[PDB]
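Note sheet for the following structure.
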Amino acid sequence: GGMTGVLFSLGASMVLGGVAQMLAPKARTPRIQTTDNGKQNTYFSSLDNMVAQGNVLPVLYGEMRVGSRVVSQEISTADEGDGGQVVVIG
Amino acid sequence: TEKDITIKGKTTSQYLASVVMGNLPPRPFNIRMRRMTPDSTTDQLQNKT
């Protein structure tokens, strides 16, 4: 137990994947679909309304106009009324 | 007077409209409406509300 044989140095065994990978951990590209055609969406953009069923609530960090997750949509009859008494319908 | 309403348009159908208000006063209270146009004397004017 005094000695520690089999030092087993690791050099190119970790370089073999690439050198910038051992300084920066790289990024994950999304999966490409077919019905989506060629619109390569990323993981930090959403310009359409989503559905909030058993999903997570997204967060925003700066600028970059985004869509939303619809929680309630309803149509009723538009009653006549303003912020006052002027209610002419002639 | 809480609110007014005025209608100006030729129609011979039973037309119903809706106006909303915010019930700021609490506790049971009373509500009324009053017609300002005098009742028609002849049968030519059928403006009934």
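A few notes on this one:
- Centroid-to-centroid separation of chain B and the stretch A:22-90 [C-alpha atoms, Å]: 42 Å
- Value of [θ]222 nm, deg cm²/dmol, for chain A, DSSP H segments ≥ 4, -39500 (n - 2.57) each, nearest 500: -500 deg cm²/dmol
- Cβ-to-Cβ counts within 10 Å put A:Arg28, A:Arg69, B:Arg27 in ascending order as B:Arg27, A:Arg28, A:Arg69, the fewest first.
- Gyration tensor (alpha-carbon) shape descriptor, the stretch A:20-59, a/c threshold 1.5: oblate
- Cα-based reach from B:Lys3 at 25 Å (exclusive), listing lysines while leaving out same-chain residues under 8 positions away: B:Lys48
- Taken along its principal axes, the alpha carbon cloud of chain B reaches lengths of 44, 20, 14 Å, longest axis first.
- Highest-MSF residue in chain A out of A:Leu23, A:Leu47, A:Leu60 [GNM, Cα springs under 10 Å]: A:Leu23
- Tensor-based shape of the stretch A:40-84 (alpha-carbon gyration tensor, a/c under 1.5 rounded, otherwise prolate or oblate): prolate
- Here the calculated FRET efficiency for B:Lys48 and B:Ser18, from their Cβ-Cβ distance with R0 = 22 Å, stands at 0.75, rounded to the nearest 0.05.
- Order of B:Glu2, A:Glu80 under a 10 Å beta carbon neighbour criterion, fewest first: B:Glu2, A:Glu80
- Cα-based shape type of chain A, given that a ≥ b ≥ c are square roots of the gyration tensor eigenvalues and the cut on a/c is 1.5: prolate
- Cleavage-rule hits, trypsin sites (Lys or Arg not before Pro), chain B, DSSP coil, Cβ neighbours within 10 Å at most 10: B:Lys8, B:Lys10, B:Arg32, B:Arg34, B:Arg35, B:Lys48
Quick note: the coordinates plus some simple rules give every number you see, no bench work behind them. Heads up, the Cβs are rebuilt from the backbone with ideal geometry, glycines too, and the neighbour counts pull from every protein chain shown.
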